[PDB]
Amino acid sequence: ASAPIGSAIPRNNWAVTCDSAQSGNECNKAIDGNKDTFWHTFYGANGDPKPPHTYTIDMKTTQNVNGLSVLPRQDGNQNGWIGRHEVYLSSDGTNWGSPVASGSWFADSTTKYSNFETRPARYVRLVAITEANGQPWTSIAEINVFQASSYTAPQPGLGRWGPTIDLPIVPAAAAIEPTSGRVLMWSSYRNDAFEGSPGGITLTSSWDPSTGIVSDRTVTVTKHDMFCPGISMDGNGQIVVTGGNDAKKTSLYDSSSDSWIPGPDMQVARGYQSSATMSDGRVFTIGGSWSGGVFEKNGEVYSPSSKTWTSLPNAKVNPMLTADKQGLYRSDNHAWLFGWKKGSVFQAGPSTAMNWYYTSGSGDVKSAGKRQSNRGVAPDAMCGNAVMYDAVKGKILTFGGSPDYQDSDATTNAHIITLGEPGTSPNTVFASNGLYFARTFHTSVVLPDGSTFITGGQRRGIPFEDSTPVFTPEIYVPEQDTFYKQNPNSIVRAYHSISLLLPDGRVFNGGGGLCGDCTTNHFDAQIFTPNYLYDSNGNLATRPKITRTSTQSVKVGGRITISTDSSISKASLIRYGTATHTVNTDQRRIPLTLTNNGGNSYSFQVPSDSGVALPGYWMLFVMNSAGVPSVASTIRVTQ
């Protein structure tokens, strides 16, 4: 099932009202504690008024509300399930503001939850915008509201969490659809379970930041259950999703047509491998013993032009293996891969040993030294994160993780790796004094200003369990070499969580769980709004506008000229992201050197090396003197 983040508020003295209710199915039957009695809107002789339908609770006194739950009818009747919905809170019962949560619940009779940041409130309203299968009615057997143990206002200047997006699946994998700006998400053959899959099916869901609409879709055309896969956006602008529950399959997601297309089978069956887009737009992958067998799985490379996978048996996985106690099943998982110059791929971890991978001929691998600092040699950091926040200077920030995949203490370890040419050993140093909070299974994104946002995880890695959670996110600021705690959230985001940068500059953070009949499935996501979007008074700041671009598609080395509605101080290109199991090999950031043409007209060059400016879709952000970013303009980079 799932679970709330607080404890149920006693309903003895509640007063409730509904937009309509059938005799015998009164509004208060939803709060009588009897699973066999239910509220039901008008039907039969009363006519069949269509949704939206509304349930409003007066709890009589202020509670620190952090969620609600809906128990559907228990008599096998399926016609009142709530689909699209919104949750509002109020202190007077008349002014409701914006929803604290909204989205879509899956069509079944399981208990449904909305979990969200604690907010003091006396009144609670649930709006059923649609019935789950489009019928006229709404029904509820039991509704509950949950409270936190306490409430603390967010600190000024440290960002803001909310709202919650309620989903019909657990989003354990996700990507931005660059042409549409939507968030694409998927689970497995079921909405919350991968176990005992017959393969050939993936449940997907998308969220549109511009409309708030959650959609869903069942993908069978690629004959691929895409749980536990490699993910890369290739040079042809298609997301290459590899292996996992169907360990040899390749699926291609095309943003332009919003459709899935069969790809060629991989040469080697894999799960939990990392893949990385290359300087020439191809995709390299290596490792992955979660599925398809446990043995040495060396590299292979996908060509979008010839639609083939080709084995690179001499791109040896052996040098990048961690010393995981469980052995090869884990030790070749989730490599920290970055496409780099001349078809090379850098492997930054999680193993202590870093390596250069090469893709010419039958492949090759060369030692790049140990991840280390004056504090010592860095231990294996399975499910730590790695983020290329300045591709032009070859800067990679790595942090967190634990020596073993599970039942292992996470660390605060963090490093800056500075890449030069392939085949050279990069300089590595410790990053500041490391993380505030040791964490593994955390996720991260590079932000427009070059800072890295770090969120979720737990201190001791225990998949499917929400123990030792870390609720306080951190931001690394390179020019100060300092980490900063941000405002905390209240939903655990550990194993099977994801984070992505949205085109509007906010962070989308979600998932966790995906373990069938477990209590730790999170059918939701939350928005984090960074401090750079707020003015000194905590109101949303005015953002600069890009009013023109000379072109929206550019070859590496090419220039773009833009016009803005105000003066801008900085700009950056950020490659669109993909995420699962802590891995995001697609995001990276290029700080742009601007030429000022005067009159708020500016130009810049895209770097000429496609190992730096990896082909694909990028976000162009400009920032004013106050540090406020524009929303992204989408740029296609070609090689």
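In this text, residue numbers run from 1 along the sequence as written.
- Stretches 115-123 and 226-234 differ in mean C-alpha B factor, with the higher average recorded for 115-123.
- Averaged over Cα atoms, the B-factor as recorded in the entry is higher for 141-149 than for the other of 406-414 and 141-149.
- For the set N531, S102, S360, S306, the PDB entry assigns the largest Cα B-factor to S306.
- Annotation for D481, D258, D504, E300: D258 ranks highest, by Cα B-factor.
- In the PDB entry, a CA B factor belonging to the middle third of its chain's modelled residues is recorded for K555.
- Ranked within its chain, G598 lands in the highest third, by CA B factor from the PDB record.
- The entry lists a Cα temperature factor for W618 that places it in the lowest third of the chain's modelled residues.
- Residue-level temperature factors show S608 in the middle third of its chain, judged at the C-alpha atom.
- When the CA B factors of the chain's modelled residues are split into thirds, the value for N521 lands in the lowest one.
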